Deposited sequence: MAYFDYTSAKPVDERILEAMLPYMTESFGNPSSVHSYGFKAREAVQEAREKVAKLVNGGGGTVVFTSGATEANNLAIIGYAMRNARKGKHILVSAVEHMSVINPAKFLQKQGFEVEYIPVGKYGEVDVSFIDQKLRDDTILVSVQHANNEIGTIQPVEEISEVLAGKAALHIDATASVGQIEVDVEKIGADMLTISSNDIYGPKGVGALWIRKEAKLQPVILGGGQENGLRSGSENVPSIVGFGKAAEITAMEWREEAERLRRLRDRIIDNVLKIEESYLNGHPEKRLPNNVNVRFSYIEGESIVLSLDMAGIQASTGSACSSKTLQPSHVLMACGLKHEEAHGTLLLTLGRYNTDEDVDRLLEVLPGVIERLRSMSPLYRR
């Protein structure tokens, strides 16, 4: 029973079917000026359309990347560098993925002033802080749509309203697309990170959606692909796969999200019956696929080992920067179990988890001095 979807997902068989022809048969480079090139370009442009449509992205452009990490790098560094004339102040949430944080820290070394937005006890960003700290020289705010460790969905719509078309809003939607509604017009995104494998597409590809008129400096330099923003010969098969994932997700996500929530809730209801167990992240304003719980006296790493031995795959997330931002102590943060659900989980998988986990927790507790 696999409960580590936010670490990696299987490729849907339907996505693999759409991709394969482009590996072997129709293997042209979209820049080539012959029939194989034309077919490759048509495939890319069609994929690009499927990704944009997913997120209601007609008011911007999709730029293909090698994944969410490279897309977040592009968003942070590419926007800040290009727009530094307008100011060098950036607000970044304290619970962003390291592919936003580490680029932000790089900007700090380059003379930008990066201020981290605090979160409350459930990991929600403090919107009043953003409002108080926004300045004339604030050029960029980066707040994830939802947190993939603790499940908390962020108040991106209210953040957009605060910014009032004064600073660009970058939203990392790695955790949200396919789980909750991601409509760039509703959420007021100026840049949106999208991950292919998080929607059961292939690994090794992703996108940054960029609102019309937002200008970025490329990071990956070369032959000028992606209208200059991201060079390198297009990975057509992965692009096709991601597009096919985006079209399936558009069709299926609402149903899937409701199924995940059903499973999720069964887990949370039962796990929280264990003594001295505590849910991390908001209990309600929470991604449908996320269960993050901590247990007093126990090491999360030991829970994951013990579960692995029983044929159940899970995660434990220096302790997590997200957990520390929420105000947990080192020892609380250390007792964490992350269970993340996905397309292939069944009721039987949940049954198994719920039968095995209480005994696991009971042995580990017995070991604690």
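*Asks:* Any chance you could give me the deposited-sequence numbering of all the stretches lacking C-alphas?
*Replies:* Missing from the model are residues 1, 319 to 326, 379 to 382.
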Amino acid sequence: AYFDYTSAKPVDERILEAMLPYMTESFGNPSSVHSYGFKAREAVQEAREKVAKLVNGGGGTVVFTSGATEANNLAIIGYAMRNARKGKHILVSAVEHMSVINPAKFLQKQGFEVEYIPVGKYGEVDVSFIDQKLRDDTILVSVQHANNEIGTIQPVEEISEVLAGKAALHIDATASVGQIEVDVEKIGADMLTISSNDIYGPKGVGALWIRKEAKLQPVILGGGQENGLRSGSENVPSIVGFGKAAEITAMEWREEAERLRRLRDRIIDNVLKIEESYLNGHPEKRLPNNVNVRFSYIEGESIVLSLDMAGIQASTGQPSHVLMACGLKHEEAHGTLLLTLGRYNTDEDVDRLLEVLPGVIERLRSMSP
From here on, numbers count along this sequence of modelled residues.
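*Asks:* As stated in the PDB record, which stretch has the larger average Cα B-factor, 124 to 132 or 254 to 262?
*Replies:* Taking the mean C-alpha B-factor of 124 to 132 and of 254 to 262, the larger value falls to 124 to 132.
*Asks:* Averaging C-alpha B-factors over each stretch, which comes out higher, 223 to 231 or 197 to 205?
*Replies:* Looking at the recorded C-alpha B-factors, 223 to 231 comes out higher on average.
*Asks:* Determine which member of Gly342, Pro30, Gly311, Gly67 has the highest CA B-factor, using the values in the deposited entry.
*Replies:* By C-alpha B-factor in the record, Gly311 ranks first.
*Asks:* If I read the C-alpha B-factors straight from the PDB entry, which of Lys273, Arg211, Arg82, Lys285 is highest?
*Replies:* Reading the PDB entry, the winner on C-alpha B-factor is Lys273.
*Asks:* Can you work out whether the C-alpha temperature factor of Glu113 puts it in the lowest, middle or highest third of the chain?
*Replies:* Answer is highest: the recorded C-alpha B-factor places it there.
*Asks:* So where's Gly165 on the chain's Cα temperature factor ranking, which third?
*Replies:* Highest third.
*Asks:* Could you tell me which third, lowest, middle or highest, the C-alpha B-factor of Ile298 occupies within its chain?
*Replies:* Highest third, going by the recorded CA B-factors of the chain.
*Asks:* Among all modelled residues of this chain, ranked by Cα B factor, put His97 in the bottom, middle or top third, i.e. lowest, middle or highest.
*Replies:* Middle third.
*Asks:* Lowest, middle or highest third: where is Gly281 by Cα B-factor in its chain?
*Replies:* Tercile = middle for this residue's CA B-factor.
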